[PDB]
Structures are given as C-alpha cells and as structure tokens.
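Presented as structure tokens, the chain that follows is alone, the form deposited in one PDB entry.
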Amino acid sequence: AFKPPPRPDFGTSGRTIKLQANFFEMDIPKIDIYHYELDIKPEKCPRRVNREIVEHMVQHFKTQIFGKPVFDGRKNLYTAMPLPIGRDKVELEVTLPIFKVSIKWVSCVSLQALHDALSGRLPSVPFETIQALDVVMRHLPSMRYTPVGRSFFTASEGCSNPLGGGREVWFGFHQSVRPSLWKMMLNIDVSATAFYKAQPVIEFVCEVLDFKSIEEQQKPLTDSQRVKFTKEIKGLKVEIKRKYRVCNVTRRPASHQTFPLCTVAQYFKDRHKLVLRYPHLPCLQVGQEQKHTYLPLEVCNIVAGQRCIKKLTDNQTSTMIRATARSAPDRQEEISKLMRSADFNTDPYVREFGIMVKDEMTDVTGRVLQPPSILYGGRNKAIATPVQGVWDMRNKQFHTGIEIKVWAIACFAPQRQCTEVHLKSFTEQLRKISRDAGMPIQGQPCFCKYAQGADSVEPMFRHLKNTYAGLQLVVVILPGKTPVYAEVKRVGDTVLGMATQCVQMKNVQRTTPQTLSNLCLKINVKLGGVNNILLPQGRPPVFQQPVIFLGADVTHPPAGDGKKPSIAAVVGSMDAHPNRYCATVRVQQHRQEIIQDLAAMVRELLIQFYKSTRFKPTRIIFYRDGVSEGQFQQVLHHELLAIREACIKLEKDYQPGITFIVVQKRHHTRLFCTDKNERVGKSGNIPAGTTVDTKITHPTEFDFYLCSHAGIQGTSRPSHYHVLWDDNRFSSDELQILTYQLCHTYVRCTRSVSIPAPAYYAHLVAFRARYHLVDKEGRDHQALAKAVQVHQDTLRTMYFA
C-alpha cells in the first residue's frame, strides 16, 4: 500500500512527433557536498531577513570560516567543500542594519548517489539530494528577485504594465529541479502576476479614488472615499530606512488627528521641521493596532515587491489577460529567450557547486495516439471520427435519446426583454435541433410563466411537481448573473429532486444551431439518455471483464479564505460503455487534500454500479485529480486503503484489482512542436493525442504526459498521469490508450477534453456543491453536509452536467 510500481514498458502506439520541452539538461559533478544546520535567534524573522543575516554572517566571518555557501532561508546551509567544523557547533554573533547564529554539521550529500538513482543502479531517488540542488539553484534569485512559490518575479526593465488601482503586472519565471530518465533537468516556464507599484502613497490614493491629480480636492475625503482607500491600503507595507505595515487609516485629517506624547501635522512641524502639503488628508496607522503610530500620506511610499493577493477587478483582469496572452510559439520563444539571458552558469553559487545548465530546450519524441471512433444511434447508427480532437453531431442521433413528453418553462427574465415571441421562437428552434438529435420534444410545454425573484422559485417548482404527472424537465430562463440560479439548483437538486436546465436570456433571444445542439447534449444526459459510446470493438481489453471507472477531486476555497470547507467529489461509471456516471460529494476540513470519507463514497458507488449493471467490478480504475508530488504518499496511503476498505466491508474476499492514477493539469511542463508544419491552428499547439513517456518522465516509475485536447488559444497544458498503484499490471500502451479514449466520453461536448471524463465530472460535482453552499459557508459540519446532500430522486442522476 506504498511503493509505486515500476514502469512496465514503454508505449509503442501512434505515429512519432518531434517535440521540445521546457526542461533544460543539467550536468552535476560526482562529489559530496556538506550539509549544516543553522539556528538564528530570534527565529521569528521572515525568510528573506534570515537570508540577509546569513549573507552578512558569511562576509563578516570570511577569515577562519567560509574564506560560497548556499542557504534555504531557514535552517539548511550547504557548501561545496567542508568547513573548519567537525560536528562541533559554532556560536556566531552577527550584526546588521543583533542576532546569534548557531551552526551544526549534519551530513554529507553525495551527488554520486544521485547519478546512480538516475540510472537503474539505485531503487529510488534520494529526496535530500534533490533538495540540496534546489537550494543551490534558488540561492541567488531568492535575494535578487521576489520569490512567489517556486517562481521569481521582478519589475521588467524598460516597460510598465499598469493595471490601475496602484497595481501593475510583474513578469517572472518558475524554476524547479527534476530527475528524469535522461539527466537532472531544470524546468523553467515564464509567468506574470500582479504587484503593487512602488509609488508615493499620495499617488496610490489618486489611482484608487480615480483622481487625475491630488488637489481635486483640498477638502477631506468623504467617508465613502475614505473607506474605499482604507480597504485598499490596509495590510500593505509602506516606507518612510523604515518599513511598516498599515493597520488602519485615521478618520480625522493630519491637521486634526491627535496622539499623546498633539496633532500629527504639528508633531511633524516641530520635530521634523516638515510643513505638510495636504493637511486635510488622513494619516496611515502603522505597526501595532493598539498603539498610536500615525504617518501622514505625504511621507510614505508603498514598498517595492509586494504581490497583490486580493482579487483583480474585471477591468484589471482584462488588462492582465491582454498583457500576458501568448501563442505556443510565442511562449516557446519567451522561455528560450529567458534562458539565454538568465545565464545560470555564471551564477557564482551554481558555479561554486560545479553545475552546468544547457541553454537549449530538451528534444523529446512524442507519439500521437489514434482517437477512438464514436458510435451514435437512431436508425443510421452513425460513426463519428475525431479529427484534431473535434467532431460534431450533424446528421447523427443519440445512442439512446430521451423522448420528452412533459416539460415546462419558467422565465425569470423580464417580459419586456424576453418576450413571448422570443420564448416561442426559442422553443421552435430547440425542438427542431432536438428532433435532429434523436431527442424529440413532442409538443409545447405544459406550463410557461414569467416569475421574478428568488422567492418565487420554490413555490413555482412545488406547484409544477404537484400538478404535472410525468414532468421530465423545467427549462429556466435567466436574465444574466443572478442569485436565482443558485436558488433553482438548491430547490431542483436538493429540496425537490427535479431536472432543471438553465439558459441565459441572450441565448433565447438569439439562437444558433451550435448552442442549441450543445444544450441538447446536456438535456439528454440529465434525463437519463446516452449521447454516444466508444466504438465497442475499438476499446482496450480491460473492458472484457466488469470494470468501474472512478474520478475524484477536492476543490479548496479561494486565496485568503480562512473558514470555508474543502469539497471532495467522487464519481463512478455505471455502465460498460462507459458513459453514464453517478456522483458522491462531501464537505471536509478546510484545505485538506486527502478525501476523508472516501471509503463510504466508494461503497455507495459500488452498490449503484451493481444495481445498474448486475456485475461486481473485477477492476477499479481510480483517476485522482490534482495531487502534487509532495503529497503522493500521504494521499495514496489513506485513499488506497479506503478503496480496499469499501470492498472488504461489502463482501468476502471481494478484492478487485485497483489502479490508482494521479492526474495533474496544473504543473509547469510545456511541450512544443519542433517542426513548424506540425503546429495546429492559430495557437500553434501540439495535436490532440500527443503522448510523452520518455526522456523527461520519471527515472523508475510509471508516468506519462498526454495532451488529449485540441489547443484553441495560448499554450496547451499537457495533462500528466502518474500511476501510484497498479494491481492490474497495465502495459503503457493499454493505459495510455484507455486514458485517451476516456477523454472522448465527456457528454457536454463533441470534443476530446483535457482530462478523462470521470475526473472532469468530479470537478463539476464539486463546483455544484460550492453553488449549493453560497453564503452558507460538529453542528457546523452537519449544517454544511446537509446543504450539499442531493434529493433521493437526484442521487442516481447526472444532475451536475
């Protein structure tokens, strides 16, 4: 229940494609390096301060110690040759514009053993060694630039990218050290993010309150203005030599604001001989909230290098997108340009440790897998062939289409804007498209009424449920973004158990065959239909025995949030196609990735699978979304055992083989076409089906990249798959092809999607639960748990489509 399996073989399927990856080969010497433990007292210091302390310690004590160490900013220091130490501590007193630094040797780190691990020689990769190289590579940029996660950012020389509101775009790069089948690799990607401009607070005020200049006006701020400014500046650092965090903005102007030693303006007159230019403006309160330290706006600058953590406005987001959007070839050139300019090999710390980094992207060969054929129904039973990741439903009918006999319309958009003529026309066109699709809407709705406001939803839906026997669907027209949507889903999904399909008013007023067709995809599925199936004879051999496919995700609350639950969702296939899925969902501890109640959720799905198919799965294939490498073992330990537990508690001796695959869409690996002639479309991305399981992948374990989707814009993220457990002993070919075919089973569109349908559905399930919780997030836990519990009649449905 622990060690991941070795790669069983390499994949052979599909034509070859020449690729370049944003991995840069590293040459590492075969020598021991020395690891020391550092303690700095006081140790409440920010990581950057600690680095300065060690920096000054190193320069001050050069003679008879140190005469180029690297440091992680906490407790770990490395040198390329040993120090005058033994395991002897040395207490050191460092001074800087009052610290004591203790140094204990701990161990040798042999880079020779790392070479062995990269070979077949040694069973696993020693983390401590990778960690040491990482500290070496991060040492200089950690002090030269602003670290954010595994990235580094700086203001770009010669350019300004203002966002307004005192904010601007900074450009940067991600950096990480990775082992691979070939060599150690430096993974480098470009990025951008919002930072606050290092500008005078006066200017910051003008940008926030939308003044062209101060002096408009010389009257004190309205509380409306004062409140808006306070919200933007609270928690930011300002500088006077002297740095402070702002905790509030005073109510009174500097001319009238007092403290006991006296007005603020007068104190600065007497003590600092400064006559304030704008006495009418409030002061910044800084330092301890319970003290009385106030600074006039005029003597303060926003300090450089503070990342914006708050959400960007809509206009700011727009500007950000326009500033940073790039086609794949543009992104590739930007990474390449960055590497030539970065010049890692003249970093004196990199050089101290004898490391060389290649200035060119690694060449790797991919294979482009063949897509499955897609089987439709009706009389014709059309077969669709995906091309460049896309097909469509023209002249095709659903494998199993629902006949819609009883349905209703509830229009929450105002009658003046969404007229009865609009509704009739929308209905006419929908019935036409639905008939073509093999989902005939046999007549007019049984009910069609306007309503206004969230209060009208539950009584209208109760009336519909009680009045219309056999009601299959309520189509709900919405004026745009509205609290009514969350109310419709609360009532439909959780209170009454009724199928609902919402449509925005703009898509009723003006219809297109493409939008209506996509809408029908969702309606058929919600009503129990099977849109299409993989061509049965084209599926991998795993389908010769009963198998269930699970998709699992946890979604965490937004940045800055302190009390919202994380939401766990698990879905499971319910037929042999596989097409139909059922869902389970839970609320759990804030920011916990491990799925706490997984055993109960899997039990539920196994029971429903048997009820639906009358088979007990002989295999369980578990696609687990979003777990990072540093959490593989913790997550596997709990979740693999939970799956086993669900089986054991059900029966026997019931021991189906489990394959546990982590899917990661958000990592920093990018792949590009080497040959211009392979670039697909305006965005110039690799083609759907591109698979990589060599060179840049893990030296011993079973992992691969599969970019399953067509890239429409920007640079495609190739999904990564890591097999953490495999009782079923898949070949690489079989598992890669299986995974690709599952990306073609997603019901909401006639496209190959970027992750397998079960994983994608798990996201939709988690996001629906988040909707069920809007403004609601032991006694606490039970309340949230009730909110996300669907109605009995919804339990077995694809309500999340």
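Note that residue numbering follows the sequence shown and begins at 1. Rigid core: the largest C-alpha set superposing within 1.5 Å between the two forms.
This next part talks about the form deposited in another entry, which is not shown.
- The one residue among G389, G492, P296, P372 whose Cα position changes by 2 Å or more between the shown form and the other one, with the core held fixed by superposition, is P296.
- The Cα shift for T511 between the shown form and the other one, taken after rigid core superposition, is smaller than 2 angstroms.
- Residue displacement note: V421 has its CA displaced by under 2 Å between the shown form and the other one (rigid core superposed).
- In this overlay on the rigid core, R167 has a C-alpha that sits 2 Å or more away from its partner position between the shown form and the other one.
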